[PDB]
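Engineer: One structure, pasted below without further comment.
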Amino acid sequence: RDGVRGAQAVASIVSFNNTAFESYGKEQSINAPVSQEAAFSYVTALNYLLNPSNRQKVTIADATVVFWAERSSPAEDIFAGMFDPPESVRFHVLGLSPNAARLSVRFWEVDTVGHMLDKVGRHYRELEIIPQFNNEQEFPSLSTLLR
RNA sequence: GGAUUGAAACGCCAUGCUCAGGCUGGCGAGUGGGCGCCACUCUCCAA
């Protein structure tokens with residue numbers, strides 16, 4: 001509920017529980033070396049970002065999406081980007097999906113603006129038609145169309 | 001003729017859009033109007 005949705009109670013990104021996944025005679029996490037404090041750091045950061053109290057998380061389809069910058073109010077409006085369609089690093093975007101007890105990365109972007117017009121823009125421009133009344137609204141919501 | 005974090009790795013097994021329902025009841029192409037007014041087969045040729 002308060003973490004990655006649909007995954008096991010405790011999940012991990014790195015794990016080598018089965019022999020088929022080992023190589024060169026290594027074993028366990030030693031199969032990929034990382035300093036202990038470094039491992040702690042990013043895990044804590046990821047846990048923090050997952051906290052619902054901080055408005056930097058959103059669920060789309062099956063994948064949970066997390067983003068961060070020095071400010072987040074505009075990107076947070078992507079909530080309507082699907083719910084009701086219309087110095088610091090800027091807008092890292094990460095989307096991951098859950099396996100049974102381990103996580104996988106779906107996509108990864110670092111672009112600015114946050115534009116998704118590639119599909120939405122095409123989607124809307126395909127729907128263009130002159131209206132009948134003068135008081136109609138240009139951008140109908142999917143709910144209205146389906147109804 | 002050692003070693004491309006490599007060498008091997010099926011999305012797979014299978015399931016009815018079914019059972020049934022009147023385009024009906026009914027309505028005037030109907031009322032009425034002149035093909036009329038008038039005009040030379042007529043001049044001459046043995047059997």
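Chains: A, B, ... in order of the structure tokens. Residues: from 1 per chain. Ligands: from 1, in order shown.
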Please check the contacts: residues of chain A at most 12 Å away from chain B, using only C-alpha atoms (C1' of nucleotides), listed as a CSV table (one decimal) with C-alpha atoms, in the first residue's frame.
Structural biologist:
```csv
chain,number,residue,atom,x,y,z
A,20,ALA,CA,21.6,-20.1,-12.7
A,21,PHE,CA,22.2,-16.4,-12.0
A,22,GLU,CA,25.8,-16.7,-10.8
A,23,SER,CA,29.0,-16.4,-12.8
A,24,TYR,CA,32.8,-16.7,-12.4
A,25,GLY,CA,32.4,-18.6,-9.1
A,26,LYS,CA,31.0,-15.7,-7.2
A,31,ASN,CA,28.4,-11.0,-7.4
A,32,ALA,CA,28.2,-7.2,-7.8
```
Engineer: Would you list, as a ChimeraX atom specification, the residues of chain A that end up in strand (DSSP E or B) under DSSP run on this structure's backbone?
Structural biologist: /A:12,57-60,63-68,92-98,102-109
Engineer: Per DSSP on the backbone, filter segment 42-130 of chain A down to the residues in helix (DSSP H, G or I) and report them as a list in words.
Structural biologist: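 Residues meeting the helix (DSSP H, G or I) criterion: residues 42, 43, 44, 45, 46, 47, 48, 49, 50, 73, 74, 75, 76, 78, 79, 80, 81, 82, 83, 117, 118, 119, 120, 121, 122, 123, 124, 125 and 126 of chain A.
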Engineer: Set the distance at 10 Å and use only C-alpha atoms (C1' of nucleotides): which residues neighbour residue 88 of chain A once local chain neighbours fewer than 4 positions away are removed? I'd like the list as a list in words.
Structural biologist: residues 68, 69, 70 and 71 of chain A
Engineer: Could you take the residues named above and write them with N, CA, C and O atoms, as an mmCIF file, in the first residue's frame?
Structural biologist:
```
data_model
loop_
_atom_site.group_PDB
_atom_site.id
_atom_site.type_symbol
_atom_site.label_atom_id
_atom_site.label_comp_id
_atom_site.auth_asym_id
_atom_site.auth_seq_id
_atom_site.Cartn_x
_atom_site.Cartn_y
_atom_site.Cartn_z
ATOM 1 N N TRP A 68 11.582 13.576 -9.392
ATOM 2 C CA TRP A 68 12.087 14.538 -8.429
ATOM 3 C C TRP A 68 12.857 15.641 -9.136
ATOM 4 O O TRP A 68 13.471 15.440 -10.186
ATOM 5 N N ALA A 69 12.804 16.814 -8.521
ATOM 6 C CA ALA A 69 13.554 17.997 -8.907
ATOM 7 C C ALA A 69 13.626 18.873 -7.660
ATOM 8 O O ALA A 69 13.316 18.410 -6.556
ATOM 9 N N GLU A 70 14.028 20.130 -7.824
ATOM 10 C CA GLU A 70 13.930 21.068 -6.713
ATOM 11 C C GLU A 70 12.509 21.571 -6.502
ATOM 12 O O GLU A 70 12.234 22.192 -5.470
ATOM 13 N N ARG A 71 11.608 21.319 -7.450
ATOM 14 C CA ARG A 71 10.192 21.610 -7.290
ATOM 15 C C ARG A 71 9.393 20.580 -8.074
ATOM 16 O O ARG A 71 9.854 20.048 -9.088
#
```
Engineer: Could you work out how far atom CA of residue 66 of chain A lies from atom CA of residue 44 of chain A, giving the answer in Å with one decimal?
Structural biologist: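 Separation between atom CA of residue 44 of chain A and atom CA of residue 66 of chain A: 14.4 Å.
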Engineer: For residue 54 of chain A, please output as a list in words all residues within 12 Å (counting only C-alpha atoms (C1' of nucleotides); exclusion window: fewer than 5 positions along the same chain).
Structural biologist: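 Close residues of residue 54 of chain A: residues 2, 47, 48, 49, 66, 67, 68, 71, 72, 73 and 76 of chain A.
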Engineer: One number please: atom CA of residue 84 of chain A to atom CA of residue 135 of chain A, in Å, one decimal.
Structural biologist: 20.5 Å
Engineer: To one decimal in Å, tell me the separation between atom CA of residue 92 of chain A and atom CA of residue 65 of chain A.
Structural biologist: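 Going from atom CA of residue 92 of chain A over to atom CA of residue 65 of chain A covers 10.6 Å.
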